[PDB]
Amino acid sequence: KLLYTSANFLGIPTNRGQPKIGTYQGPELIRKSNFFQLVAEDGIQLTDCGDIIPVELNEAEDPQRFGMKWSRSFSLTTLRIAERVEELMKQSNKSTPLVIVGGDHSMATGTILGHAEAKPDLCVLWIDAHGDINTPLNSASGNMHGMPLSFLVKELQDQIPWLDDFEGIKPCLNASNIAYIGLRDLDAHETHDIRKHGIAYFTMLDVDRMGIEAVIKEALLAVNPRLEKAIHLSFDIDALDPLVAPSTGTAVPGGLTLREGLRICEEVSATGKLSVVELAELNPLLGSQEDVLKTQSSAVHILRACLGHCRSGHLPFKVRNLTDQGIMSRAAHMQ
């Protein structure tokens, strides 16, 4: 009665992908929640596999290159992440999903790279207000958390500058393997690339016109039509409306409701093909104490849904009976 009876948990406290200090505290925000207890209460065995230590160079060792900020910290961190994810997913090769808590979204280049090494035919569902697919010369910000997909997409490689230290970051995704849900703040060059290469995408306008149910169905149809592929679910907390996830660095109004976020995760979970879910951009240093609690709570409900938690209830593992205790019931007494 469980699609997944065990799961692994990994923290990746990336913070060199964007300028606001605090994404490094994301994994701890989830560890100090009741997430682990609640997951155990649904009968799932969850193993805490610890944290990846990002590589964080100093400014002298890691100057701007092609406008990118902290690009060598990024390339080194990417390779370290990929090795660890690869090993975890191969020890796993009912499947055992890997739950990853970030950390800013730059971690995804590493997680997908390593995941693809174990499962090369995977698809990616990217849940985000943003495209995170800027190529370096088009990025206004130079922030690596806005570029992680570009390094992975084969079709985009003529717009990525060559760098010796990026050699091991091999493009492992075709444009046809990615689908977005939740977009509402694409940069113009992302829009161009997404349309040019036919990346499936469902923006908040699509959610409004189609409804989340049809959006989920169509996204799964686009990249995983017969549920043959492993799914890498990359969930940026900023996909959710700032009313329910305020503690994040690039909040955009008009986002997914928590319920819409839950539906995406419930449907993905129920495919039986959830292989990795990562949750990016939690920043417990942003907003009020209550803002952080709201954001933490949203994240926990989301990750629980990914692992198969049902809002319609779960049956007990053992049904309790009054008589076994030598207790007299009302029905018994009345007779």
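Numbers for residues come from their place in the sequence shown, where the first is 1.
- According to the entry, the deposited sequence has 4 to 9 residues without coordinates between residue 93 and residue 94.
- Of the two segments examined, 163-171 and 225-233, it is 163-171 that shows the higher average Cα temperature factor in the deposited entry.
- Averaged over Cα atoms, the B-factor as recorded in the entry is higher for 116-124 than for the other of 116-124 and 213-221.
- For the set 281, 41, 290, 278, the PDB entry assigns the largest Cα B-factor to 41.
- Sorting 89, 251, 149, 101 by the CA temperature factor given in the entry leaves 89 at the top.
- Sort the chain's modelled residues by C-alpha temperature factor and residue 131 lands in the lowest third, per the entry.
- When the modelled residues of the chain are ordered by C-alpha B-factor, residue 246 sits in the middle third.
- Annotation for residue 238: C-alpha temperature factor in the lowest third relative to the rest of the modelled chain, per the entry.
- When the modelled residues of the chain are ordered by their C-alpha B factor, residue 140 lands in the highest third.
- Remark: residue 31 belongs to the highest third of its chain, ranked by C-alpha B-factor as recorded.
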